[PDB]
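Single chain ahead, written as structure tokens, the form deposited in one PDB entry.
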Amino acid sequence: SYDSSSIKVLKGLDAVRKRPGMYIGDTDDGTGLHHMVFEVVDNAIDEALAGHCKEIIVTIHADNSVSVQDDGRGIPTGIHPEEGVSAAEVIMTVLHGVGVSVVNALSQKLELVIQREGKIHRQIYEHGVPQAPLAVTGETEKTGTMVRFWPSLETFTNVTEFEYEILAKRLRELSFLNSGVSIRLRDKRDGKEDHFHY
């Protein structure tokens, strides 16, 4: 049921928005804010442990959004018959690693770009709610997934700006734990880059 899926998803988004610390960690001391990045990266790490993702690129944008790009297969784009929406929309919205739906719920905005089967697919979310169905925007010979999110400053207080060093420490750690995955970190605010690989 297209319909029952939509009702269940919106109850899930409401649950996360009302009790955000329960899902992401402390919303004031910066740990929940940085965990937003690490949850997205952990999904790319899963796609590396599956053996398709070899490189993960984490970018801090000058507007204080963060993007995570992988070179994996790309989140599946076909209509999942039960929910009647793209398998990507299901992954991005269904509550379950805390699940990328938690990051989506707690993002003012989220941009999804999927490259696979020779096409580029894009979708925009606001507070976990898709603006429109996943749509093809052009062709590509590449594969992978890009998630860019703008954290809600309704949810997150006090520590609101991403700290390069906090991201660098956990990404260095994840590269140590995941031998042969390359994890790049880029700060568009000041030109800092790192390249973690073990």
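We call the rigid core whatever largest set of C-alpha positions still superposes within 1.5 Å between the two forms. For every residue, the number given is its place in the sequence shown, counted from 1.
Quick note: we don't show the form deposited in another entry, though the next part is all about it.
Colleague: Which listed residue, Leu49, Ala62, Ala135, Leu153, is the one whose CA shifts 2 angstroms or more between the shown form and the other one with the rigid core aligned?
Modeller: Per the superposition, the moving residue is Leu49.
Colleague: Closer or farther: the CA pair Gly144/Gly51 in the other entry, versus this form, with a change of 3 Å or more?
Modeller: It is closer: in the other entry, the C-alpha atoms of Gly144 and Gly51 lie at least 3 Å nearer than they do here.
Colleague: Quick one: with a 3 Å or larger change, is the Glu117 to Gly51 CA distance smaller or larger in the other entry? Answer closer or farther.
Modeller: Closer together, which means the C-alphas of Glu117 and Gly51 are at least 3 Å nearer in the other entry.
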